[PDB]
């Protein structure tokens, strides 16, 4: 039983920051709760420790016709949501977003449609989430895999082998990009940036004292802005950027006194002017960990 709902775009789920991905994550927790007969918000492991359904791999796919920067107050959307079986320790949640008028907004989720040929005018969200607990109270390092009792993955529809987010994130942690460096039609610019980012305790921290999943998207855009400025491009042009595809892998969290490093590089298209691929790696130098990788497929007019 897929879920189909009418949404009107609110101030808390749009704009050039991370509010839309924050709202999508709330929707994911509601969708897993409904489909897996589990209260995700208050989940505890068999032993009684809180268990968080942590974001691990996050993709948002759009296009010139509908992307996250298209959305403004009062836009009417149709949202179709559903979970896919990834066993007892993980779960995949898909959301399709259409403009509520649109031809065929009533169509069900179509994996073929999500993994192979996304349609122009729809937005596609993939959230792969993993149950975790803390390994020590107040530590945000070395989180441990978990599963709350009664988590019902059984019955959920299955992905075919071709559609594996696991294959995708395994390659991205190795390559530090989601788009192979040897992919034709792009040139790697020499200009790169490295930004020191102390954890912002007033803006980066969630209600359980971890770094907030949506803050990782804010940190990647801070890196992307720093590279944009290194390229001599304007702050107003940054706000016109169209992100047609963004992938994020959350390899680690971090303690709230950490100083993170945000590294960014870009490949510009040889074929299409104003098209580029930006890669961002978030490091925690003091613990020697890479804690995130993101790739943004971007169209601009700077």
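Residue numbers count along the first chain shown, from 1.
**Q** Comparing 234 to 242 with 56 to 64, which stretch shows the greater average C-alpha B-factor in the deposited entry?
**A** Result: 234 to 242.
**Q** Using the B-factors recorded in the PDB entry, average over the C-alpha atoms of 72 to 80 and of 180 to 188, then report which stretch comes out higher.
**A** The entry gives the higher C-alpha B-factor average to 180 to 188.
**Q** Please pick out which of 95, 222, 130, 107 has the largest Cα B-factor as recorded in the entry.
**A** By C-alpha B-factor in the record, 107 ranks first.
**Q** For the listed residues 255, 26, 275, 39, which one has the largest C-alpha B-factor as given in the deposited model?
**A** Within the set 255, 26, 275, 39, 275 shows the top C-alpha B-factor.
**Q** Mind checking which third residue 228 falls in for C-alpha B-factor across the chain?
**A** It falls in the top third of the chain.
**Q** When the modelled residues of the chain are sorted by Cα temperature factor, does residue 138 land in the lowest, middle or highest third?
**A** Its C-alpha B-factor, which the entry lists for residue 138, ranks in the highest third among residues of this chain.
**Q** State the tercile, meaning the lowest, middle or highest third, of residue 90 with respect to the CA B-factors recorded for its chain.
**A** Its C-alpha B-factor belongs to the lowest third of this chain's values.
**Q** Sorting by Cα B-factor within the chain, modelled residues only, which third would residue 33 end up in: lowest, middle or highest?
**A** Within its chain, residue 33 is a lowest-third residue by C-alpha B-factor, going by the deposited values.
**Q** Sorting by Cα B-factor within the chain, modelled residues only, which third would residue 210 end up in: lowest, middle or highest?
**A** Its C-alpha B-factor belongs to the lowest third of this chain's values.
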